[PDB]
Each structure stands twice: as structure tokens, then as C-alpha cells.
Amino acid sequence: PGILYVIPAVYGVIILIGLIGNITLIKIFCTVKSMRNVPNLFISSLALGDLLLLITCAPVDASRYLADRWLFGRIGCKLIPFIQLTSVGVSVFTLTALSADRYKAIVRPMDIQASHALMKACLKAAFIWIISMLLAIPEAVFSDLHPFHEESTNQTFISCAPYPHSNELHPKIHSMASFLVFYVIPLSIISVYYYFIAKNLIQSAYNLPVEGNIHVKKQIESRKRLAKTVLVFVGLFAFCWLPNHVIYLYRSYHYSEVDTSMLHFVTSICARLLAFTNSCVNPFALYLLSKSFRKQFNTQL
Amino acid sequence: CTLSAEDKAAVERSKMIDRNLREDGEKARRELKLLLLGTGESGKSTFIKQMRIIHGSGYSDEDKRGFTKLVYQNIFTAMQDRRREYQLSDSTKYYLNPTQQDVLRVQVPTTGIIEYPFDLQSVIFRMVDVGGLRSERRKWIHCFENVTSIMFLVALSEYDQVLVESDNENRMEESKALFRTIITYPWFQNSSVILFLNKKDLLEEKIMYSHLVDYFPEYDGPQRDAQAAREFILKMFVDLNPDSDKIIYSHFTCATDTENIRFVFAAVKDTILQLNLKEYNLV
Amino acid sequence: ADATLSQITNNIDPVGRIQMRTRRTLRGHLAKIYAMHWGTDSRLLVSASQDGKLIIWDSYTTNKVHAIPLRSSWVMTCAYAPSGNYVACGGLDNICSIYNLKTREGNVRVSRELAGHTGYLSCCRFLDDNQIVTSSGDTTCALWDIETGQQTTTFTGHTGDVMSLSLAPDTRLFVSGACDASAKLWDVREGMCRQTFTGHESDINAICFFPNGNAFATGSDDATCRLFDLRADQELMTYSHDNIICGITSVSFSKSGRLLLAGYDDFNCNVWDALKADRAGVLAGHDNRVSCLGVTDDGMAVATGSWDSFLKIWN
Amino acid sequence: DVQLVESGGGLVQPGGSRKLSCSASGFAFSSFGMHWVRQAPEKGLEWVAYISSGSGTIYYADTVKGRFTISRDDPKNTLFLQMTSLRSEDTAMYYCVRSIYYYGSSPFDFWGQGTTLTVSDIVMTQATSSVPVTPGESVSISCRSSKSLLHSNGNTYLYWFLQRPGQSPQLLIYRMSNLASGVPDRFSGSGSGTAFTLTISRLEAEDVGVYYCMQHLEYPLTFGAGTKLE
Amino acid sequence: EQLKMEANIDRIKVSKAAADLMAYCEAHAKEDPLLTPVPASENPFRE
Amino acid sequence: XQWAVXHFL
């Protein structure tokens, strides 16, 4: 059982760090009372989504590896995916919202106030949440306890699964469409916006309207640093979300058969750690980017 | 429901008034306030006239009849090779040796806040000249607490000039003290600082006969180079910044410049870009 | 100087804690509010703001009766005619503009523009419907004839900029406070200065008559408020607290003259018992500098404006 | 100065439709609410319609609600009154009336000349129709109301107007005591919650005419029968 | 000249002015709403 | 014996 202890000896550590970070960002928004504005609204919604993901999705995964039986039961098996998929949707989509908000601020610094901005921003967050609920609903309709026949141990175990065995196309369609909508389109949008942000931040660097280039050396460096950090934000999100969207898809294509092997075991654990890591790289990276936000973070701690 | 028929009509008026206030505020925020600070170069107020000629605005005969009396008044004021030791009009030779040129060089003090509206690339700015106020600045400086930029104008040919009214005080050291005092103001902590260095041509001629090292001991350069003197002067001014994180935009203006509006836009665009980066916690 | 005012009022009962709550909040100005003036009816008030708007409001219903667009957005003072027909505004443009509210085409139009001062207009206070007295940062106060358009009298004794003006109840004397820390009592009919008081050590930004008319109070950039008699010709009390170190933007009295209400740059207003000089209450609604404080003619309420662009009525 | 001049009246065959229009001059039309009032050939006068400032509110008389329409072109400074299905109770003189509502204003202060149209709640009562008085004697007119006109805000919404022979109505007193601008201080008004009295001291030849009380507490805006002084 | 003229102003003792100020405050104490608050039925603000 | 085959996560 040493390998199993390693699983929460790691899962719990990562969950703890992520909870600490996201909770501190939630604290900052409410406590200052002046930190409330259009940019801070989107970051707060992403932190809320990441809190839901870490609090709900991970312990169930730890239970899956720890115990063969499903502790939640039928009603619980219909409740859990509805929270997991909604949290995934909110997080992945608020990230795209942040990427477009930043692009608008940095690349076009004209009419940023845009009349009733705070109201529009409060509405875009809720609309994203509502869409996330809509996408999760079909995964709460078809989720039920189904029998699985291992070909190695030759044992028919009943476990909470997203779809019934009776259907052979519904699994494949749901897996492929979920992948295309939850990973490819958000990544495509974030990629475009952050590429444009970095391009402009570098073009602005050398175009500084100052006669003496020496007096502004520091500033130029900082701009050249911001571009690299934004490109790193596009890469992390891709990396973490690729193996989870690969292991799930693979298991959903070979649905009837159950694959118990060392390769699959280790790959599944690694994909779930990488996917959960995104929730903690979201706030902690902005922590590094700003010294004033660092001062606020340490105050809240 | 508890209101009467006339009370409801009064509430309908207060709602229309609120709508009009909101529309006016929308219109107002699309304008950016630039505060032009009044120095001795700005007190002369010829650069503003010349920059106006560049925009395209001119003078009708009526306007020039306006400036006749001022021309004659200037000849007398000047009259009542060694210019640098005393206070004198820059244009005394031309007069003693009205056309558009005569109009341009009538150094006149101004009564109060004068505002110049200009529109570039769908962005409209207001340049608020506060040079002629002549009243305690501690009692009206707060009015411009929230502005995009505080523009300054100082002349590069001012290093040798010592004014008679001062007891042997250099005019450039006077402009440096004013610059430091303004930029140290807590009202302008969120406002960009733009600096314009003027009289670029007059320095090219002045440097040959006047050595900057004599007036400022730190200068160690070719001793006959205007390029080195300009960079030393700009360095002296920029060194006064008490933050080290805020940019101080700069430009060398020759009085025939046709890029002073483009520079003001690019400096304002970069002011806004940095304010955005700060609010999005990226910087 | 036989005795101090605090020695005579030593055996008097303290006011006690003064509790005042916002009964209304007037929203609509989009910039900093610099000046407010209550009407004589004690229900209508006018307020001036840097967005270029002069707004007449109904206090009881929070309704906006009138909205006047100003030509110069840089306005520092505001006044309401005692009759109620007229408002006056002025600022960094050096002109005092008189607008008529009770005109017969429905719109509020400018009646006359008074342009004689060389400094900014810091205060203006109607004396009648035809006479207004203005203070300027040119060190001079002027009494005008609104119909003719010419200043009939000039008061020139001051050396620093004059920041505040206050008219006596009988409208035959007024007091002006200046940047040179001196307050001078001026006779309106003769045009000379009767008295000068110099107790302060920094600029006087606010001045107000006691209801009797035989005293007045000043507020300065130094944190202290000072009460000065007119017959004894001496300072009577100082209202200061070790914690208080900010400037005093505005000062005003209560109807009985027992409370002195001062607006500070600490973002909050204080209420002092004017006879024992001990603080009795706070008004902490605002989150920026309290720019204007005005009490009603019957004493029903206290309006406070501020740089956060909201007015609040307290009672 | 302030002129409202209506147009559009004439001889209309029954069952047809006619559109009236009052053109305004000399005042901030956009900031004034408008009413149409009408007077029968030999009877008193009755309220017809009311459009608000900014057109947000419209009220019609129960008699003509659904066959009449009121509209205002605020930029062109005009007020239109479409009329359809013309009954024989539509023979009347139509008077455009401006009114402005804020704390302390005087509604119904200016009335238009009026157009002639011929086709081939609270009740306010004045129990007198003819009081001939010689000049120099005080005259008291009375008017009674169904319910109290005193609102909780302390305002009693009773207006007194006058109609000189061959002339349009003109406001004398608003809210039971206040005098309109330009009326002599001879006219005074004093009333209880349901009973009201207008007194003209030092009567003069100009005062002779028909006097109408009116209410504004609810929107029927019911006038009175009118008391005539000869 | 101005100072010499200001020197002739009559100056009653401070006791007299203190008494006058105190007596004025006593005389108009009842009429002052902020010092002694008014019952809510008579209060125009938040009736 | 649960971790094998589950939902999206």
C-alpha cells in the first residue's frame, strides 16, 4: 500500500497548495473593498472555479484509486459529475475571458471604461457559469452505475460511469466533442490573444517615446519580460490539459474493454496531477508577475 | 403609489436630468486633460503661437490690429552683445533693426486658465495652460489632481542666462527647482510627466561661444558639442525623478517642429498602456 | 482680557454625544464637488462640480429641479439668491456668472457675467437680488451692481489671496479670510476695513458668522478652528485635537450657535461644542475630502459635499 | 414672447377623423408637459388629454380613451392630437395648455388661443352661475369637492382660472393660495379640505367673466361648472 | 494710517462678550433641531 | 477497481 500512500501523499500536498493560493486571492478581492473592478472580477471568478475543481474533483479521484466500491452511491454518482464538469467549464472559459480582457487593455488602450463596464463584466461571468451548467447537465442525465468486465481478473465490477454500455457511438461522440470544446477552442483563443499581447508588448518596448534610451533601460527589460511570461501562460495550460484529454478519450474509445496495466496506471495518475496543477499555476504566476500584488498577497496570508 | 400626480411628474423630470448627466459624463471621459505648466519659457508664450501656426490657425487683420500696440510696447520695454547677463526680449534685434512674424514674437503675460482643444486619431485632448494664473499654487493645484499628463516646457539655451532680478541665480537651476517641486507633488503621483526641451537651434549657436562647464562643473565633454550639452541637460532634468519607476517622456523641439502633436499622442498612449498594465497586475 | 471663554463656560452642561445619520444621498455629479449652497426655503439646494454642472436639487424627494451647464468647468464657489430667483457661480475663469431660475421660457439662462477680478473667484454671496460680494485670489473683495455690471466698491487691504467670505445676518458687514492668515471685518457701505484678526499660523480656508453676528469662526490649513469676537477684538477659543493634522475645508454653525461643524481633509466632518471646545460628534459617511458643508436656515439638516461626488443630508 | 397657436379645426362630417396641432414659440417646449382641454359651445370646459415631458406618460379622458391619440414632435416644437370616429359630442373649442412640474412651479400657466371643431372620480361643483356685482365690492366665489383635495404632502391641489369674453382662460391661483405671475394682488384664495373660496377685493371691470375651479389630485382633472360675474 | 485708525475701535471686556454669547445660546436652545432632535413625525427628512 | 474506467475526470 506504499504506492497508494504516495498517491495522497502527493495529491493532498498539491491540493493544499492550490487551496491556499486560490483562497488568498478570494480573500484579497473582498477585504480591500477597492480592489473590486473589471480585471479583478474575472480573476476572482477563475479562482472560484478552481476552488470548486480542487475541493470536489480531486478527493473523488483519490477515492477511486483507494477503494473499488463507489462510496457516493447512485444519487451521488449523478451529483458528482455535474459539479466536476461545470467546474472544468467555468475554469477553462474564464481563462479565455481573462485573455481577451487583457488583450483589450494592452493592445487597444482606448475607451477602456466602455460605459457600464462593471455590469457587463458581472454579466459575462454569470453567462459563462450558465453555459457551464448547460454543458454539465447531459453528464448528469446519463451518469449511472454500470457493470465493467475486466479481461485480466475476469471480474464484472459495477462502477459509476458517464454513459451506459448499450450505446457504442454515444461514448465516442461525447468524448470527442467534450475534447474539442473543452480544450481545443479555449486554447486556440488564448493562443491568438496572448500572441498579439506579446507582439505589441515587445514592439512597445523599443518604441518608448524617450530621447535618452539609458534612463528607461529597466522599463524596457520589464516589457520584454512580460511578453515571455504571457507566452509561458499559453504553454502551461496546453501541457497540463493534454494528457487528461488523451487518457479520457482513449478510455472512452475502448469503453467495453477495461485496461489494467502499469503503463495505464502511472499515465492516469500523471494526467490527473498535471490537470489539477493548472488551478494552482493560475494565481501563483500572477503572484510572481506583480510586486504590489505580492505585497497584498502576503498581507492576506 | 403614495405620490401625487405632480410628484410623479417631478420624479419624471429628475429621471430625465439623470439621463442627461450620464450622457454628459460619457462625453466628458473621452477627453484627456493635459496640464501645461508655466515656466519662464512658457511665460514668454511664443512657442504656443508658433505651434498654433503649425496647426493651421492664422491671424486676420483684426487680430493684427490687436497686436500693433503690443509691438510698440515691446520696443519701449526692451529699450528701458551681453544679453545673457540681464533680462531682455529674445527678439530685440529684429524689432530694432504687423506682419505674421511681428505677431509671433510679442511676449505677453496671460490673465487666467486658457484651454486649447485638439483632436487626434479619434482622441480629443484639452491642453490647460495655467501659466498666467499668478496666484498661490497651493490653493488651486488640487483642481488638476486627476490629469493624464503634466507637460513641461524648458529652453536649452538657458544655461548661461542669469537674470538681473535674481542676485546672480542661473535660470536653468530655477527651472530645475520648479520641475522637481512639481513632480514631487502628491497630486500628480498617478500622472505622467512629459518634458519638452526648446530653443534647440539657439543652443547650436550658443554652445560655440559659451562653455557649459563654466556654469555647471559636472559637465565633462567635448566642450564645443551641442549634442553632448543636450544630453547632459536632459540627464540633469531626468535625474530629478524621485520614483525611478515612472517614465519621464522627452522631446527636443526646434520651434519649427511638426511632430509635437504626434509625440504628445504617443506619450499619452504609453501612459495609458502602463496604467492598464498596472491595473491588470501584469506589471 | 478679563477671563477666557473656557473659564466662563466651565460650569455649563456638555452637549453630549451627537448622532447624525444620512437621511438622503444626492447622486448625479460625475466629478469632485467643490461648492454647495442651501436655499432660504430650506428645501432646495444648489451644488457645483468640476464636470461643468451646477445642479439645483429638492432635498425632501432627492429630485433634480434644475441642471445648469457652465461655460468654464473650473468652478470653486456657488451661491443661491435669498429670494430664490438667481444662482451665482465662479472659478478659475475670473468671472462671476449670474443665472436666473424663475425665467418665463422654462430654460435657466445667464443674466450677467461679472468680469473685473484678475485672480480666481473663491467665494460669492448674494446681498440682495441686485448686489453680490465676491472674494478673489487677487487679494481683493468686490461689491458689485448686478444690473449695471460694474463693481461699486473694492476692499483692498489684504496681502495674500482671499479664500472665503461670510455675510453678517444684517448684511451690513462681512468678514474675509485670506492666505496671509488674517481675517478682516469690512463695512459694505463705507468700503473700508474696521478690524483685523491674526491668530492663525497658516492659510484660512473657511469663515462663518455666528448667528448673533457679534462673533465668527475660521478654519485653517493648520488643523485648528479659531473663534474671534468683534467687540472684544480678540481670539476666544481654538478647536484642535492632537490626532487632527489635516486642513479644514469648510466650517459652519448650528442655528443656536452651540454646535460648530467643520469639514476636514481626513475624509470626515467633526462637530464641536462651540462653548466648551470639546468634540461632540463625527460625520463619517464620505470616503474623500469633505469639500462643502452647509446647514439650513431652520436647522433641520446638514448637507456635506465631497470629492467623491456625492452629497449627503444628515439629521 | 410665449405663444401657443393651435390649427386644424373646421367642419368635419360625422364619423370622419381630424388632426389638431399647436405650434409653440418662445419657451423651452421640450421641458414642458402638455394638455389638451376643450370647451362646449355654451357649457364649461373639460380635460381631454395629457402628454408628459419626454413622452414617457400619457393619460386620456375616459370619454375619448381609445378614439383619441396625443403626440409631440419635441425637435419641431409641435403638439398633435389625432381624432378618430368623430361623435357629435366632439363639437368644441380645443385649447393647448402647457404645464411644468417641479417643486414650486405653476402648472397650467399659459393657454393657447384654441381651434373650433364642429361636426354636423372627483366632481367639482360650483352652486352659483350668475353674480352681478358693481365695481368696488368684495366678491367671494365658492367651490366644493367630492373628497379632500389636501394631500398627505400638505398641498391642496385646487387651481382657479378666469375666462374673459372672447379671450382664452388664464391662471389666477394655483394650489389654493399661490398667485400666478402677473396677476394683481386683488385676487386671493382660501379653502378647507373640501370647500374653497376665491375673493376679489376692489372689483374692477377687467375681472368680469366666468371663473372655473379645477382639481389636480388625481388625473381626471375635473373642472367646475363655472361662476359668472356680470 | 490704517493701524492708527484701527487703534480707536471700542473694546468691551471679554466677560461681557462671553456672557452675550452664552445668553444667545440659551435663548434659542429649543428652536435648534440638531442639538435637540425633533420627533420623527415633524422631521421633513425620513418622515 | 474504480480508477480504471469513470467520467471526464
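Cut-offs used in this document
- The numbering scheme counts residues from 1 along every chain following its written sequence, independent of the entry's numbering, with residues that lack coordinates not shown.
- The order in which chains are written sets their letters, starting at A; the order in which ligands are written sets their numbers, starting at 1.
- Side-chain metrics in this entry use all non-hydrogen atoms of the structure; hydrogen atoms and water are not considered.
- Residues with missing side-chain atoms are left out of burial classes, side-chain pairs and their counts.
- UniProt positions are given in the numbering used here, feature names are shortened, and annotations may be inferred rather than shown by experiment.
- Throughout, a residue-residue contact means that at least one pair of heavy atoms, one from each residue, lies within 4.5 Å.
- Buried area: the accessible surface (1.4 Å probe) lost by two parts on joining, summed over both.
- Any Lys or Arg side-chain nitrogen found within 4 Å of a carboxyl oxygen on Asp or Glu counts as a salt bridge.
- Contacts described as polar in this section are N or O atom pairs within 3.5 Å, which, within protein, must combine one atom able to donate a hydrogen with one able to accept it, while residues neighboring in sequence count only if both atoms come from side chains.
- For the purposes of this entry, the term helix denotes a DSSP run of H or I that reaches at least four residues, the term strand denotes a run of E that reaches at least two, and both are numbered from the N terminus.
- A pair of strands is treated as paired once DSSP finds two or more bridges between them.
- Of the two site types, the cavity is a set of points on a 1 Å grid over the protein atoms alone where a 1.4 Å probe fits but cannot get out, and the pocket is an open set with protein on both sides within 12 Å along at least five of seven lines, each lined by residues with an atom within 4 Å of a point.
- Grid points are joined across faces, edges and corners, and a volume is the space filled by probe spheres set on the points.
- Classification used: nonpolar for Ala, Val, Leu, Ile, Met, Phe, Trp, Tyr, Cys and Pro, charged for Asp, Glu, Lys and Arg, polar for all others including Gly.
- Only protein chains enter the accessibility calculation, which uses a 1.4 Å probe. A residue is then buried if its area is under 20% of the maximum for its type, exposed if over 50%, and partly exposed in between.
- Only a pair of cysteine sulfur atoms within 2.5 Å counts as a disulfide in this structure description.
- Residues qualify for a patch when their relative accessible area is over 30% and they have no salt bridge, like charges being joined within 9 Å and the nonpolar side chains of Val, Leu, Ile, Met, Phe, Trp and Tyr within 5 Å.
- Shrake-Rupley sampling with a 1.4 Å probe provides the accessible areas, and residues are treated as covered by the protein chains on show and by no other component.
- Counted as positive: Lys and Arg. Counted as negative: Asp and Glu, with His and the chain ends omitted from the count.
- Each charge is placed at NZ for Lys, CZ for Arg, CG for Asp and CD for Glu.

The name given to chain D in the PDB entry is ScFv16, with the source organism recorded as Homo sapiens.

Going by the PDB entry, chain A carries the name Maltodextrin-binding protein,Gastrin-releasing peptide receptor and comes from Escherichia coli. The UniProt entry for chain A carries the following comment under Subcellular location: "Cell membrane". The UniProt entry for chain A carries the following comment under Sequence similarities: "Belongs to the G-protein coupled receptor 1 family."

All right, on to the interface of chain E and chain C then. The interface is formed by 29 residues belonging to chain E together with 44 residues belonging to chain C. With both chains or domains summed, chain E and chain C bury close to 3300 Å², and 63% of this area falls on carbon and sulfur atoms. Looking at the side of chain E facing chain C, the largest losses of area belong to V14(E), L34(E) and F45(E), adding up to 25% of the total buried there. One can count 3 salt bridges joining chain E with chain C. Linking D20(E) and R231(C) is a salt bridge whose minimum nitrogen-to-oxygen distance equals 2.7 Å. Joining chain E to chain C, the criterion identifies 8 residue pairs in polar contact. Contributing elements (two or more residues each) for the side of chain E that touches chain C: helix 1 (2-6) and helix 2 (14-27) of chain E.

Our focus in this paragraph is the pairing of strand 13 (residues 150-155) of chain C. Residue and element names in this part refer to chain C. Bridging between strand 12 (residues 141-145) and strand 13 involves 5 bridges; their strand directions are antiparallel. Residue pairing in the sheet places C141 in a bridge with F155 of strand 13. Counting the residues between successive antiparallel strands, the hairpin from strand 12 to strand 13 contains 4 residues, one of them, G149, with a positive phi of roughly 95°.

All names here are of chain A. Put simply, the largest cavity is a space of about 240 Å³. If you go around the largest cavity, you meet 20 residues; those closest to its centre are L95, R102, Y194, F233 and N282. Considering each element in turn, the lining of the largest cavity owes the most residues, 6 residues, to helix 8 (residues 262-289). Taken together, the residues of the lining of the largest cavity sort by class into 16 nonpolar, 3 polar and 1 charged.

Turning next to the side chain of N205(C). Residue placement: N205(C) occurs in strand 18 (residues 204-209). Overall, the relative accessible area of 16% leaves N205(C) in the buried class. A distance of 2.6 Å separates the side chain of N205(C) from the side chain of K139(B), its partner in a polar contact. Among the polar contacts listed, one links the side chain of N205(C) to the side chain of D221(C), at a separation of 2.9 Å. Not counting residues within four places of it along the chain, the set of residues in contact with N205(C) comprises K139(B), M163(C), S164(C), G219(C), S220(C), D221(C), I248(C) and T249(C).

With that settled, consider unusual backbone geometry. Residue and element names in this part refer to chain B. One non-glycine residue, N168, lies in positive phi territory at about 55°. Looking at where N168 falls in the secondary structure, it is placed in the loop between strand 4 (149-155) and helix 7 (171-183). You can call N168 exposed: its relative accessible area is 67%.

Next up on the list: the pattern of salt bridges. Scanning all chains against the criterion turns up 45 salt bridges over all chains. One salt bridge in this structure joins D221(C) and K139(B), with 3.0 Å as the shortest N-O distance. A residue pair is termed interchain when its members come from two chains, as with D221(C) in the loop between strand 19 (215-220) and strand 20 (225-229) and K139(B) in the loop between strand 3 (123-129) and strand 4. Since its relative accessible area comes to 7%, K139(B) is described here as buried. Linked by salt bridges that have partners in common, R38(D), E46(D), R67(D), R87(D), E89(D) and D90(D) make up one network.

Residues and elements named next belong to chain A. Look at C77 and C160: UniProt pairs them in a disulfide, and at 2.0 Å between sulfurs the bond is present in this structure. Of this pair, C77 sits in helix 3 (residues 73-107) while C160 is found in strand 2 (residues 156-161), placing the two residues 83 residues apart along the sequence. On the basis of relative accessible area, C77 is assigned to the buried category, the value being 0%.

All right, on to a negative patch on the surface then. All names here are of chain B. Taken together, the side chains of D201, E204, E205 and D225 present a region of like negative charge at the surface. The topology assignment puts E204 in helix 8 (residues 200-209). On the basis of relative accessibility, which here comes to 32%, the residue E204 falls in the partly exposed class.

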